[PDB]
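Colleague: This one is an experimental structure. Sequence first:
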Amino acid sequence: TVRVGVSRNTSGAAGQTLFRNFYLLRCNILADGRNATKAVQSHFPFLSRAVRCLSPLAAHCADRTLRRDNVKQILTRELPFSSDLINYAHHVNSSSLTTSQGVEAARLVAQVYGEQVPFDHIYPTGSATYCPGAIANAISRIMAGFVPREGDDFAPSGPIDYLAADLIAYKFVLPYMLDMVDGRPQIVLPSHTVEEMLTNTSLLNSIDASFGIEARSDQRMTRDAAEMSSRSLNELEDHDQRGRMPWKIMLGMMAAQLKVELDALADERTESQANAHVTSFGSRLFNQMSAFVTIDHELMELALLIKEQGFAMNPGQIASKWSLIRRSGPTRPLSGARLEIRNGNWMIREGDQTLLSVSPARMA
Amino acid sequence: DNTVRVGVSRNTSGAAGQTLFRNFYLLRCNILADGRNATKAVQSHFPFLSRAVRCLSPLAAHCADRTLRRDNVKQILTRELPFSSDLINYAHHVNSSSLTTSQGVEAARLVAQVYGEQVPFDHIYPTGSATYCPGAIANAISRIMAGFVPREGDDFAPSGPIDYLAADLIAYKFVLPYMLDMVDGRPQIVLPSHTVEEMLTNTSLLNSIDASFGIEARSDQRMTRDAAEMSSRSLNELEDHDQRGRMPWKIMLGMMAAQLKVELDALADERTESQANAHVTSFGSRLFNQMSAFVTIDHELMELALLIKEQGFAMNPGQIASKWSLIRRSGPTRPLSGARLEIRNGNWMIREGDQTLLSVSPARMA
Amino acid sequence: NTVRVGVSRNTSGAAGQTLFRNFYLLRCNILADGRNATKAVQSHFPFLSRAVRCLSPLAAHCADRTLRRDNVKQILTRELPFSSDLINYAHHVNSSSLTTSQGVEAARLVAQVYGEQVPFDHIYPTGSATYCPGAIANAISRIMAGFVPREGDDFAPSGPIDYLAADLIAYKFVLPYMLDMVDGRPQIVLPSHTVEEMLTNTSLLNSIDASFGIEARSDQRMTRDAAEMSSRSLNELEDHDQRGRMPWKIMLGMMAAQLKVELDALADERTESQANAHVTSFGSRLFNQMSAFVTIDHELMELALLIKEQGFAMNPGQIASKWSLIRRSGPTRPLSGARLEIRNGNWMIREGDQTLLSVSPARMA
Amino acid sequence: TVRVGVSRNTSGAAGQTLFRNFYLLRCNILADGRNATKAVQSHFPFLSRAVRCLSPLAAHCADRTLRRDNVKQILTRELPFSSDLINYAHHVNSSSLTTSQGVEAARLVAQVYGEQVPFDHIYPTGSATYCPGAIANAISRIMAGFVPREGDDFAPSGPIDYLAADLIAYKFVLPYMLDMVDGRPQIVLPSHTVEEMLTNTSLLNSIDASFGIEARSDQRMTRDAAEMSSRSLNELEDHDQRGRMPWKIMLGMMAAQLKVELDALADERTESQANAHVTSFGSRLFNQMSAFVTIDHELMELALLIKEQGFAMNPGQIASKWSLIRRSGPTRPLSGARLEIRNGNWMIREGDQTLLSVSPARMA
Amino acid sequence: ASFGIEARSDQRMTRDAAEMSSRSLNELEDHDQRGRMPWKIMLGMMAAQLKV
C-alpha cells in the first residue's frame, strides 16, 4: 500500500492592501463587518509600528529572544520589498523614499553611533540623499540594545540605552514645541518644519515631549493626578548614555519620512484613482499621525484641512491638498487662533470653536 | 399516501445589499457589495429609472401584470405612511415638494383633458393645481396607453382600450430619442436646444422631438451594420390615426425627463445622506449609463453627461449634486458650437475635432 | 542545558458561558454581545441545531466516515460521562429528566426493524418501559447514514446506506406538516395530536408529510413560485424496501418528543433558571430554533404562539411556567377563527388579517 | 418622410457551440460579456461534468428524485447524438470515439458489475472495441446507486457504493502517481500512458489521490500542513463494497476518453483552421484538463507545450502538437526536472524556474 | 388551456403541479372585447385544417 497523504485546499481568503512600494502609507483594506457595503476600514500598520517604536525597548522586547525568525530569506532576494528593508534599517536608493534635507542630522547620528556599529549600510558616508525611515529604525534598534549586523540582520548584543529603560514605565507620549516667551517657557505652535530643523540641529532643543503612565484600573475618574504622574523629556536628569538627542532625532526623522511619502503620493495617480472609493483613508491618516502634527508646519495645516473636510477624503484629494500646502507655503490664517491645554489634550482654539484637537499617542 | 407539494421550500435569497434615497423615486438606488470579486468598489443600480426607460414600450412592459398581481395594492397605498415610490408607481399624485414641480403644468393639463373624459383622473392630477408630480403623470399615461384603468386605491383594471402605438411597439426593442430641427430647408438632427420644461410649457415644441425604433433579431447573425436600417421606423414617420397616441408618447418621455431633473435638483438638499455615502463611486457611472435615453433632448442633462465623462466616472452623490446645482445656476458652460453632431454605427455622437466628447447608444425598451 | 517545556496563559480572561449542562437539546452557549454596548447576551443551542441538521443524515455525518477516531472511548467510558455525549452516541441513559414512557411502542418498532442488523440492546434495553427519545433518534440517523453502533466504542462506517439519505443530499430545506382528507382531497391542517399520542398509535404517522427544496442561491428567480418544480414531498417518493420513510418520520417525532420532555423537566431547574433571569434572548433563540417541530405538534404550536405574543423577550423561568401551563390546561387560544394558509412556502396562521404565526423552512444540511 | 429615420439594429446573437458530434471537446464558445471588445471566451460543459463526477453521489444526487426526464424519446431517434448516449453510458460504434487499447479494464468492469446489472449495451461482450466515456459514466452512476436500464433510462434502485458516500465531505481532489523509492512511498512524475495501466490492471494499483475539505475560515497552520482535514484514497479502510479500483478505473477511463478524442481531433484540421482564431480555447482547455495531468505523461507534454506557448494556442496547433507527441513519444529529457509539492500544489521544477504547476481541482 | 412563461436553463421537472404557476384561459375575467370563444374557434379550426 501507499499512504502519502498530501494535504489539499481547505478554505479561501479575503482582504486587500494598497501602495505596495510605500512604507508608512501602505494600508490594509478590510470590508466593514457590520455590512459589506459600508465605508471601507483602512489601516496603516507600519505607521502604527513607527509610533509604537517611540518606546524602543517595549516595542522590540519580544524580538530579543522570542522571534529570532529567518530574516535572511527576506533580505536576500532579487527584489526585496522596500518596507522590509526600512524595517530592518537598510538604505534604499528609491527616489520616493529618499530625501536630501536634514542629511547633516543623519551624519550626526552616524558619527554618534558609527564608532561602535557598522553604520555604513544604514547611511553610506558622503551620500547626498538618505532614507529617514531607515535611520529612525536604526536608532530605535540601537537604543533597544540590538546591533545591526554587517550580514544584514539584527542581534541583541549591544548595551541598553538609558532612556529606553525609562520609557518602559510610560505608555502615552505627546510631543510639542517650546519657546522662551516673556522670559518663561511656554508651548507654542510649530514654527519650523522637521525637514528644515533637522538641518539646524540646534533647534531640536526646542522640541519637548511629555510622558505618562497608563494608570491603575479605575472605571470613571478622568485623572490619577495626571500632572503629578507624568514627566517631560527635557526634565529627565542628564547622562551620557541617555539618547535624548537621538530620540528627538528619531521623532523628527519619522515625521520627515511621512512628509516625503506624502510628497511622493502625488505621482501615484493610477492607484489613487482606482481607490477613489476609500474615504476612510483620510480619517485614518488623521487619527494615526496625531503624534507628528504638533511639531511641523505642513502636517498641522494638513490636519486642519482634513478636519474641515469632515474626515472623508480619498487618496487623490489628500495628494492634491498636500501638493498645495507644499507649493503655497503657509496658507491658513492661524494668526486668529490660540493654543490651549485641556486635561492633557493639545488643541487650537479660535474664539470658542475648537479648530483642532490632539490627544496623547500610545507608545506600546 | 396523501401528498401535497404546495409547500415549496426552495430558497435563493441573495447575500447582502443596501438602498439609498428611500424618499426619492427615480434616484432611489440599490447598492450591492460585489462579493464575487475582491475589488470593493460597490455596485449600484436604479430600479425605478430602469423601469421608466423600459416603459417606453408600455404594452410589452405591462403585459405581465394584466393577470398576475391580484394580492394587494390598497393595503400598501392606503397605509398610514405610503411611500412616494409606491404611490408614483401606481400613478397616485404625491404631495411632497421634492417630487412635485410647478413648471410645465400645461402638458399635465393637456393629458388630463385628453384622458380625463374616460378615466378617474382626479387623483393623478387634481384639477387647477399648480404643483404636479411628473412621475405620476408618466405612469398614468403609460398605463392608459397599455389599456389599464386607474382607481383611487388600486390599478388592477385591465379593461380600457389599448392604444395603437402600444401595440406597434411590440415589434421593436431599441429606441433612440433625439431632437430634430428645420435647418437648410430640410429635416436634420441637432443638439438639444431647449430644456424639457420650456417645451412642456409650450407644448408646440414637442413636434420637434423625434425617436427611432429598432428590432432585435435573435438569429446567430454577424453584427449588422448600415443598410440593415430598413428594419426600423421613426416615431414621426408612422401614419396618422386618432387612436395612435404620438403626442401622448412624447409627453410621457418629456415628463419622465422632467421628473429626473426635479429629483436631481432635490438631491442638493440631501447633503447629509450624500456625505454619509460619499464612498459610492459607482453612482456617477451607473446614472450616466442609465440616463442615456434622456440626454439627447435636454440641454442640462447633456451638460451633466459631458461633465461626467470629462471627470472620469468617479462621482459620489455629493459631487454630482453640487455639479448639477452649478449647471442649473450658471446654465451655459462651454462652446458646443465648436463641437459638431454626428451619427455613426447607429449611435448619437457629439465630437470636437477628432475626440468623441460623449457617446450615446440607443436604450433597451424591453 | 535543560528542557524548554513551558506555557503562557494566552487567554483574554473574559469568555463565554454554558448553561443547562445536563440537558441535551436545551444546553445553550451564552456569548456577550460582541464588541457592542447593548449588553443583550447572545444565546445559541448547539445540540438542537445539530439535531435539526441531522434530518439529512448522510450530509450531516459524511465527515465522521473518515475523519475521526479521537479516543471517544475515553469520553464514553468515563467515570461520570456527560449525558449529552452518551445521547450523542446513541446510548441509553437512565436519568429521569431525559426518559419518557410515552411512544415506547414506536421505540420497540424501530428497535425490531433494526434489531438484527445492529447490537440495539444498549440503545433501547428490551422490555424497559422507559426510553431516551434522543438516543433512538441519533441511532436512526447514524444507521440511515451508513454506520453501525458499538457499545462504548465509536460508530463503524460499515453498514449499508439507506436510499432516503442519498436522496436527501440534493435538498437543503425541510418543512414538516400534517395532512388530512377533507373534501375528498388532501389538504394541510393544523396539528391535531401530540407527538406522544401519534407515536403510540403508529398508524397516525402516515399523516405526517414534509417537502424538501434545493438551494440555488443564484441572484434570480427569488419570488417565482415556479420553484414548485424543484421540490418533492416525502410521501411522494416512490416506495422501496430500503427507503426508510417511516424511520425518518419516527426520527422527527422522536426529536420533537425529546424536546418536549426536556421542556417538561426544565420546570425543576428553578435555581439555575432564576439565577439566569437576565438572558432574555433564550426565548427568542428557542423560538427561532424549534421552527421545524411546531408544525407537527399542538403544544409546541401553543408555546410558539405564546412566545410571539410576548414579544420574544422572555427568560427560562417564564418559558418553564408557560410550558407547564400549556401542558396542564390544554388548547387555550381560539383556532376555529384562526385560518391556516401557505404563502410563498411559509406555514403561517392568520386571524382575519393578523398573522398570528409564521414558520419558514428549516436549514437541513 | 416627415422626419429622418436614422435608427438602431443589432441582430444580437445569443448562444453558440461548436465541435459538435464530440463528447468532451464540445465547447459553448461565446463573445466576451462585460468587456466591450468581442473576444471569444470558452467553456467545456461535458468536461466540467466529468471532472465533477469524481464524487458520484454528490454529482448525481439530484437525478435520484428530481429530474426524471423523458429519456426514452431522446435515445430512440433514428440518429441520436452520440454525446447524449455517452452521457447515459450507451456504447457507440463510431471509430472516432472508440479504441482497442485498454479493453482489459472494460472486461474487468463487465465481470465485476455484470453479475448484478445489465451491461451488454454499456459494453458488448467480447468486443475488441469500446467507448471509454460510456464505461466511465456507467461506473459513476452505478456507484451513485443507479441501475442502467436497457430501455434508455436509469432507475435509482441499486445499492450505493461506500466510497461515494465517503466522498461527500471532500470538495477538492488531487490525483497523482507514486513509486516505491528507497523503501518508502514518494511521488513521481507519470511513467506510463493510461493504455498501459488499463491493460495492466495490476499496474493500476500504483495510482493514488488525495481529497480535501472546503471552508471559508482563514487557513491555519501555514496553509500547507492542514493534513488532518485531508485523506488519501489508498489509506481508506479496505472493504468489499468500497469501490477503490472502480474509482481508479473511472479516472483512467475518463483520461483515455480525452486522449482518444484529442487523437480523433488530430485529423480535424479543416474546422480547426476555420476556428483557429480562438486561442483562449487552449487556455480553457488547460484550466479544465489540469486534473488529468498527474497520471499520464503524454498529457503532461501537451500541458507543458501550452504553458510554454503562453496559455494561448489555436485548435489546429493543439491537434498538430498532440499528433507529434503521440508519434514521437518522450520528446524531452524530463529527468532534469524536479518534482515538488508546496502550499498544497503539485508542480515540477527544472532548476529554479517552475516548469509546470497544478492547483486544487473541484469535484462538487 | 394553460399558459406558461419561458424556462431558464433547467430541464429537470417531470411531476405534478397546478393553478397559477400557469393560469388557465377560463379563469380570465370575462369581457365583451376578450375573445375567448373566437380563440377556441381558431384553435379548433386550424386543427380541422390539419385533419382535412
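Modeller: That came in fine, so what should we check first? Residues are numbered from 1 along each chain as shown, chains lettered A, B, ... in the order given.
Colleague: Output the residue of the stretch 151-300 of chain A whose distance to chain E is smallest.
Modeller: Closest approach of the stretch 151-300 of chain A to chain E (CB to the nearest CB) occurs at residue A:277, with a separation of 33.1 Å. Backbone N, C-alpha and C define where each C-beta goes, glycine included.
Colleague: Contact partners for the residue in chain A that chain B sits nearest to?
Modeller: Closest residue of chain A to chain B, CB to the nearest CB: residue A:36 (3.6 Å). Applying CB atoms under 8 Å, 6 or more residues apart in numbering or on different chains, we find residue A:36 in contact with B:15-16, B:33, B:35.
Colleague: Next, it: secondary structure please.
Modeller: Of the three states, residue A:36 takes coil under DSSP: H, G, I helix; E, B strand; the rest coil.
Colleague: show me the contacts for the closest residue to chain E within the stretch 101-250 of chain A.
Modeller: Residue of the stretch 101-250 of chain A nearest chain E, by CB to the nearest CB: residue A:133 (56.1 Å). Residue A:133 sits next to A:23-24, A:50, A:86, A:97, A:253-254, A:257 when contact means CB under 8 Å, 6+ apart.
Colleague: that older thread, how much space separates the residue of chain A closest to chain B from chain D?
Modeller: Separation of residue A:36 from chain D (CB to the nearest CB, to the nearest Å): 14 Å.
Colleague: cool, and residue A:131?
Modeller: Residue A:131 is 30 Å from chain D, by CB to the nearest CB.
Colleague: mind listing what that residue touches?
Modeller: Per CB under 8 Å, 6+ apart, neighbours of residue A:131: A:86, A:91-92, A:94, A:97-98, A:257.
Colleague: Can you spell out which helices and strands pack onto the lengthiest helix in chain A?
Modeller: Looking across chain A with DSSP state H, the single longest helix is helix A:244-264. When contacts are defined as 3 or more CB pairs under 8 Å, 6 or more residues apart in numbering or on different chains; DSSP states H and E, helix A:244-264 sits against helix A:45-52, helix A:103-113, helix A:132-143, helix A:194-197, helix A:297-309, helix A:315-328.
Colleague: Out of those helices, indicate the one that is most buried.
Modeller: helix A:132-143 (a mean of 28; mean count of other CB atoms under 10 Å in any protein chain shown).
Colleague: orientation of it relative to helix A:103-113 in degrees?
Modeller: 20 degrees (axes from the mean of the first three to the mean of the last three CA atoms, to 10 degrees).
Colleague: name the helices or strands packed onto the helix or strand just after helix A:132-143?
Modeller: Next helix or strand after helix A:132-143 toward the C-terminus (DSSP states H and E): strand A:147-148. Where contact means 3+ CB pairs under 8 Å, 6+ apart, strand A:147-148 is packed against helix A:132-143, strand A:154-155.
Colleague: Return the set of buried residues in stretch A:274-293.
Modeller: Residues of stretch A:274-293 classed as buried: A:275-286, A:288-293 (neighbour count, 16 or more other CB atoms under 10 Å in any protein chain shown).
Colleague: Give me the subset of those that lies in helices.
Modeller: Those of the buried residues of stretch A:274-293 lying in helices (DSSP H): A:280-286, A:288.
Colleague: The longest helix of chain A: how far from the chain's middle?
Modeller: Its chain's C-alpha centre and that of helix A:244-264 lie 7 Å apart, by CA atoms, centre = their mean, to the nearest Å.
Colleague: for stretch A:80-88, same thing?
Modeller: With CA atoms, centre = their mean as the basis, the mean position of stretch A:80-88 lies at 16 Å from the chain mean.
Colleague: Which parts of it count as buried, going by neighbours?
Modeller: A:80, A:82-83, A:85-88.
Colleague: where does the residue in the stretch 1-150 of chain A that chain E sits nearest to land in three-state SS?
Modeller: When scored by CB to the nearest CB, the stretch 1-150 of chain A has residue A:12 as its residue closest to chain E, at 26.1 Å. In three-state terms, and counting by three-state DSSP, residue A:12 is coil.
Colleague: Excluding chain neighbours, what is closest to it?
Modeller: Spatial nearest neighbour of residue A:12, chain neighbours left out: residue D:216 (5.4 Å); criterion: CB to CB, 6 or more residues apart in numbering or on different chains.
Colleague: Which secondary structure element is home to the one you found?
Modeller: Using DSSP H and E, no helix or strand contains residue D:216.
Colleague: and the longest strand along chain A, what other elements does it pack with?
Modeller: Ranked by residue count, the top strand of chain A under DSSP state E comes out as strand A:172-179. If contacts are counted by 3+ CB pairs under 8 Å, 6+ apart, strand A:172-179 sits against strand A:186-188, strand A:208-212, strand A:361-362.
Colleague: In terms of secondary structure, what does the second one contact?
Modeller: Helices and strands touching strand A:208-212, by 3+ CB pairs under 8 Å, 6+ apart, are strand A:172-179, strand A:230-232.
Colleague: hang on, the earlier thing: the residue nearest to residue A:12 is in contact with residue D:171, isn't it?
Modeller: No: the criterion here is CB atoms under 8 Å, and residue D:216 misses it with residue D:171 at 11.8 Å.
Colleague: Specify which residue of those two has the higher count of neighbours.
Modeller: Between residue D:216 and residue D:171, counted using other CB atoms under 10 Å in any protein chain shown, the more crowded position is residue D:171 (21 against 9).
Colleague: for chain B, what are the nearby residues on the stretch 251-364 of chain A?
Modeller: Counting by CB under 8 Å from any CB of the partner chain, the positions of the stretch 251-364 of chain A adjacent to chain B are A:273, A:276-280, A:310, A:312.
Colleague: please redo it, this time with the cut-off set to 6 Å
Modeller: A:276-277, A:279, A:312 (CB under 6 Å from any CB of the partner chain).
Colleague: So what pairs up with the spatially closest residue to residue A:146 that is not a sequence neighbour in the strands?
Modeller: Spatial nearest neighbour of residue A:146, excluding adjacent residues (CB to CB, 6+ apart): residue A:154 at 4.6 Å. Bridge pairing for residue A:154 (DSSP bridges) gives the partners residue A:148.
Colleague: Can you name the residues that contact residue A:154?
Modeller: A:141, A:146, A:148 (CB atoms under 6 Å, 6 or more residues apart in numbering or on different chains).
Colleague: what's the burial count for residue A:230?
Modeller: Residues near residue A:230, counting by other CB under 10 Å: 18.
Colleague: Same question for the one 10 residues further on.
Modeller: Residues lying near residue A:240 (other CB under 10 Å) number 6.
Colleague: try the one 10 residues further on
Modeller: As a burial measure, the neighbour count of residue A:250 was computed by other CB under 10 Å and equals 25.
Colleague: Does it touch residue A:138 like I think?
Modeller: No: Residue A:250 lies out of contact with residue A:138 (CB atoms under 6 Å); the separation is 9.0 Å.
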